[PDB]
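Quick notes on the structure that follows.
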Amino acid sequence: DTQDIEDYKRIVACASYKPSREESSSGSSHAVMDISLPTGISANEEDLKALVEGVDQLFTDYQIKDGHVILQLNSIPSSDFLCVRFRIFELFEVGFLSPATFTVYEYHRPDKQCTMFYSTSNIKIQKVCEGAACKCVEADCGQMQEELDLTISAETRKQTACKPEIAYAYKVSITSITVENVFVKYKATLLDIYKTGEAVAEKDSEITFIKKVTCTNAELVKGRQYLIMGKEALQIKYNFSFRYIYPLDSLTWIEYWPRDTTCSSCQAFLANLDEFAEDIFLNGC
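The sequence shown lines up with residues 1382 to 1387, 1398 to 1676 when you count with the entry's author numbering.
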């Protein structure tokens, strides 16, 4: 995967050799890594030199044939991962392009060629799947609110609550947490509503929330009552059964007014929550 390092883009390509039951756990014979660069993407000649021409050499050789960067070594550690990192400037922009390849194989066997796709430009579209059906969403890393009380003013809350972007603002308690291929599903049983979205959920209904793993502010407690101000109702409709996944954009609100009461200042937060609560419930802003 490509990193932005702080112009200079920069690649961190890594490998390991399968250790076959027959094979030694040592690692492979000399293998070659062939990193195809997207059209009009030069490399940092110096960076390459650095890992071959340093006598504690990661590699034995380098070269640039056409689009390809061709590194070579004695063996690839099966113990763990081994990585080359090198810079690639966008020496030019070709308007339109396609993904290039990262292919690495044993020299004396062309058939054991593992080719992986990758893109030179970074963005986001997550392919999110439910019930054997997939439908994409895009994730802004979520931000968690600081605690139950920050002298949150009713008004502000309802500003973002009735902010044109928001769709559904309502109180859920969590029940279940999964962690599956980039995302983190949250099965939550649903308490009273406040503001209903397009895709209208039922009352003691169970919704599914996703925010993917890259996020660490948004870290939710099992079975702990959260108010969430969810922006999107994502109604992927697969197989004539229609479900909702809700996402957790940065935009999304998170706050936890736990049931425990009279525990000092905790009671005070309840005065505003219920305030904002009854306010929007009665009047739609």
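All C-beta atoms, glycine included, are put in the ideal place defined by N, C-alpha and C.
task: Answer yes if the region 1516 to 1535 comes into contact with the region 1447 to 1458, meaning at least three C-beta pairs across the two stretches below 8 Å, and no otherwise.
output: no
- request: Find out if the Cβ-Cβ distance for the pair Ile1479, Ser1407 is shorter than 9 Å.
  value: Translated into positions along the sequence shown, residue 1479 becomes position 88. Translated into positions along the sequence shown, residue 1407 becomes position 16. Not in contact: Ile1479 and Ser1407 (Cβ atoms no closer than 9 Å).
query: Among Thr1580, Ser1641, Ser1469, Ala1560, which one has its Cα closest to the Cα of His1421?
result: Counting from one through the sequence shown, the residue named residue 1421 turns up at place 30. Comparing Cα-Cα distances from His1421 to each of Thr1580, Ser1641, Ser1469, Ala1560, the minimum goes to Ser1469.
message: In whole angstroms, give me the CA-to-CA distance for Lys1515 and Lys1603.
response: Here residue 1515 corresponds to residue number 124 of the sequence shown, with the count starting at 1. Here residue 1603 corresponds to residue number 212 of the sequence shown, with the count starting at 1. For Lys1515 and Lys1603, the distance between alpha carbons rounds to 12 Å.
- request: Find the nearest neighbour of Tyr1647 within the set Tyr1617, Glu1669, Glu1623, judged by alpha-carbon distance.
  value: Counting from 1 along the sequence shown, the entry for residue 1647 is found at position 256. Of the candidates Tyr1617, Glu1669, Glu1623, the one whose C-alpha sits nearest the C-alpha of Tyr1647 is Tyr1617.
- prompt: Short check: CB of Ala1545 to CB of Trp1644, under 9 Å?
  reply: Working through the sequence shown from its first residue, we reach residue 1545 at position 154. Working through the sequence shown from its first residue, we reach residue 1644 at position 253. No, these two residues do not count as a Cβ contact at 9 Å.
Opposing strand residues paired with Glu1597 [DSSP bridges]: Here residue 1597 refers to the residue found at position 206 of the sequence shown. Paired residue(s): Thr1580.
message: Looking only at its chain, what residues have a beta carbon closer than 8 Å to the beta carbon of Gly1588, apart from the 5 residues adjacent to it on each side?
response: Along the sequence shown, one-based indexing puts residue 1588 at 197. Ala1558, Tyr1559, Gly1621, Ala1624.
- request: Would you mind stating whether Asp1425 and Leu1473 have Cβ atoms separated by less than 9 Å?
  value: Here residue 1425 refers to the residue found at position 34 when the sequence shown is read from its first residue. Here residue 1473 refers to the residue found at position 82 when the sequence shown is read from its first residue. No, these two residues do not count as a Cβ contact at 9 Å.
message: Give me, in chain order, the residues of the same chain whose beta-carbon lies closer than 7 Å to that of residue 1393; leave out the 5 immediate sequence neighbours on both sides.
response: Residue numbering in the chain breaks between 1387 and 1398, and residue 1393 falls inside that break, so it has no position here.
message: Within the continuous beta strand (DSSP E) that includes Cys1474, where are the two ends?
response: Position 83 of the sequence shown, counted from the start, is the residue given in the question as residue 1474. Residues 1473 to 1479.
message: Going by C-alpha to C-alpha distance, which of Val1460, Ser1655, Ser1427 sits closest to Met1507?
response: For the purposes of this step, residue 1507 is identified with residue 116 of the sequence shown, where counting begins at 1. For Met1507, the nearest C-alpha among the options comes from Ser1427.
message: Going by DSSP in three states, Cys1657 sits in which element: helix, strand or coil?
response: In the sequence shown, residue 1657 corresponds to position 266, counting from 1. The answer is helix: DSSP assigns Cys1657 an H, G or I state.
- prompt: Roughly how far, in whole angstroms, is the beta-carbon of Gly1614 from the beta-carbon of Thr1566, given that I think they are within contact range, below 8 Å?
  reply: As a first step, residue 1614 must be located in the sequence shown, where it is residue number 223. As a first step, residue 1566 must be located in the sequence shown, where it is residue number 175. Confirmed, about 6 Å.
field: Spatial neighbours of residue 1371 in its chain, beta-carbon cut-off 8 Å, leaving aside the 5 residues before and after
entry: This structure gives no information on residue 1371, because the portion of the chain shown stretches from 1382 to 1676.
query: Do the region 1594 to 1612 and the region 1632 to 1639 make contact, defined as three or more Cβ pairs closer than 8 Å?
result: yes
Buried or exposed (CB count within 10 angstroms, at least 16 for buried), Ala1530: By one-based count along the sequence shown, residue 1530 stands at place 139. Result: buried.
message: By alpha-carbon positions, which one of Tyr1509, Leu1482, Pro1501, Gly1486 ends up nearest to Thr1492?
response: Taking the sequence shown and counting its residues from 1, the one referred to as residue 1492 is at position 101. Looking at the Cα atoms, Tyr1509 is the closest of the given residues.
- prompt: From the DSSP output, which residues share a beta bridge with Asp1385?
  reply: Position 4 of the sequence shown, counted from the start, is the residue given in the question as residue 1385. Beta-bridge pairing links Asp1385 to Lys1400.
task: Could you check the C-alpha separation between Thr1652 and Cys1505 for me, to the nearest Å?
output: Your numbering for residue 1652 matches position 261 in the sequence shown. Your numbering for residue 1505 matches position 114 in the sequence shown. Computed Cα separation, rounded: 59 Å.
query: Can you tell which of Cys1405, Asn1513, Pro1429, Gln1517 has its C-alpha closest to the C-alpha of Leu1464?
result: Start at 1 with the first residue of the sequence shown, and residue 1464 comes out as number 73. Ranking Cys1405, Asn1513, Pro1429, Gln1517 by Cα distance to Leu1464 puts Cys1405 first.
message: To the nearest angstrom, how far is the alpha carbon of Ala1659 from that of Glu1538?
response: As a first step, residue 1659 must be located in the sequence shown, where it is residue number 268. As a first step, residue 1538 must be located in the sequence shown, where it is residue number 147. Between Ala1659 and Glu1538, the C-alpha separation is close to 13 Å.
message: For a test of your reading of the model: does the CB of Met1424 fall under 8 Å from any non-hydrogen atom of the ligand SAH? Yes or no.
response: The ligand SAH is absent from the structure shown, which contains no ligands of any kind.
message: Just to confirm before moving on: does the CB-CB distance between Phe1483 and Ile1402 stay below 9 Å?
response: By one-based count along the sequence shown, residue 1483 stands at place 92. By one-based count along the sequence shown, residue 1402 stands at place 11. No; because the gap between Cβ atoms is not below 9 Å, this pair is not in contact.
field: Nearest to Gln1384 (by Cα), restricted to the options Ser1512, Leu1581, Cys1657
entry: Position 3 of the sequence shown, counted from the first residue, corresponds to residue 1384. Checking every option, the nearest Cα to that of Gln1384 belongs to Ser1512.
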